[PDB]
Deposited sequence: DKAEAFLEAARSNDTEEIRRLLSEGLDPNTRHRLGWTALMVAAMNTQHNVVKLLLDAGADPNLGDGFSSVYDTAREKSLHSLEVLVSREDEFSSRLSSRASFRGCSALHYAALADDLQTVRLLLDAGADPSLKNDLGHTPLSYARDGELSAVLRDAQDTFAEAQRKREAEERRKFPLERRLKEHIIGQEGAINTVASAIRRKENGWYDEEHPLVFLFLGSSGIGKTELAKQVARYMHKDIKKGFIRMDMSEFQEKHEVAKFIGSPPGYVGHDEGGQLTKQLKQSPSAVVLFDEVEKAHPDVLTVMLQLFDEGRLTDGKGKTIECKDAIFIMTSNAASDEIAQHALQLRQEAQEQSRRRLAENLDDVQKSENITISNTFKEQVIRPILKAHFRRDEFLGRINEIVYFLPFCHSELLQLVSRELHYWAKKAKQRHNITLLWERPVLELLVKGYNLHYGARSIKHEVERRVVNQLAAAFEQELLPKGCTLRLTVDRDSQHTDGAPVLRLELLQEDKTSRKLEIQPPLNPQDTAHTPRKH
């Protein structure tokens, strides 16, 4: 077939390369053993076709399908001799590693062939000098210490500076989101959804008929209300001012509706951020008034934000939280981009959209009795149980708080390593949520600090270490 395409790529039969290019054949094309044509071309320093391929639009940053002679021989189930003569004659005869070549970009092989020209060609085509192969080796790793290495490392510094400027203006362009991300542990997707919705309304791409309306689905004690207040303080800049919370359970009867119709709280601020808790179990009339608020635009307020919460669909969301995290982090990845493509994949119906219209809305609808009611919401937000790292970070937040307080009041330095956190994480019970952590730290640590300070065993200016001795587990405080 087009084996001759990369035999040409391997021998630099340029007139044939153009030919097949004209027939629309893809440059990314690989061998039966897995190397891209650009790889063979780069390895044998056949620049005319390297140049042409980087012209055609061949991807430089494509990893090799080939691993080792032994390995590929075991995978594709062949004699080691077949595989060997193949890799040797159809690719290169200078490579010595019995290690795996899986994930080597053309830049890798370029450094391995020790030629500056194809390195330069690959770099000019925006190849990654930091792309790691399965081992973790950059092409710089495999570079002889030439000025080739200087070229490649300066490339590294360039790509680095690019990353850094990119960070700087993800900060400049999405400040609310930076604020949420730096004041809230975990819950990536939630922040993304909420912030994006907010500036979606600010820029004017919602029907500015009625203020923002959110529904926070998920579990107790994982950031819902916290996120809400955070948003509030970002908008009104007064921590106190912009925020309203209604405990819905209080309302379950028709007399509660007379009370509900808040009117004064709204009067203090039209523009504030309002939250309802466990909204699923509250009077339908209360919601209809709530929906009337959510449609009307008296009900004076306009530029307000409306948030609702439920433990409803909690179990369902929980049952599978992986594809939600994946999707969330994918969105963050696609956000720091700047071309019409990236936006076009913003067109796509993301798995979350399928997730609302398959499993969630039916349950949401049945509990709610109104098609209209699911219609009224600007956005539905999901909240996830913390992964390990996030729990660690919560504990960390706690210890940092107490260390800080100690250092100002009594000038005491509180210290610890990772094990302490790893142990206190084992004190996280779900039913209370992040506070659970609050408890543990205040129990296993602050009790001890208070006890010691009472007894005058903490002298002003001392230094302490939180340690774990297994003798079953006990946490011990010591003075250094």
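- Sequence ranges 1, 263 to 276, 313 to 320, 495 to 500, 510 to 536 have no coordinates in this entry (deposited sequence, numbered from 1, C-alpha basis).
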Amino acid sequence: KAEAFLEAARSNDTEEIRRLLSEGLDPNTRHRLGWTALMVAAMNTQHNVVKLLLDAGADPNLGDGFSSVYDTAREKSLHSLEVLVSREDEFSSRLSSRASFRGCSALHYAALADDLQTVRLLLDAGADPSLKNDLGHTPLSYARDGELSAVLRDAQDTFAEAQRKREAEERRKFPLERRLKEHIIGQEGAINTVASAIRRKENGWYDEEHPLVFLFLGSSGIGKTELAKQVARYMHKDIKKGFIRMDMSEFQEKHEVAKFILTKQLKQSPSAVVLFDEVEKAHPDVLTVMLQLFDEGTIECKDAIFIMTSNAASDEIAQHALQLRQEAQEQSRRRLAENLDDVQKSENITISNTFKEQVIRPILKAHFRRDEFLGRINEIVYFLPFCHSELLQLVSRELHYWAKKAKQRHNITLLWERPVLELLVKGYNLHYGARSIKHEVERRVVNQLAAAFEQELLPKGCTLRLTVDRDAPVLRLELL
From here on, numbers count along this sequence of modelled residues.
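- Between 413 to 421 and 24 to 32, the higher mean Cα B-factor belongs to 24 to 32.
- Comparing 251 to 259 with 179 to 187, the stretch with the higher mean C-alpha B-factor in the PDB entry is 251 to 259.
- Ranking 359, 143, 392, 121 by the C-alpha B-factor listed in the PDB entry places 359 at the top.
- The residue among 130, 193, 352, 96 whose C-alpha carries the highest B-factor in the deposited model is 352.
- Among the modelled residues of its chain, residue 18 has a C-alpha B-factor that falls in the highest third, as given in the PDB entry.
- The entry lists a Cα temperature factor for residue 9 that places it in the middle third of the chain's modelled residues.
- In the PDB entry, a CA B factor belonging to the lowest third of its chain's modelled residues is recorded for residue 161.
- Looking at the C-alpha B-factors along this chain, the one for residue 382 belongs to the middle third.
- Among the modelled residues of its chain, residue 462 has a C-alpha B-factor that falls in the middle third according to the deposited record.
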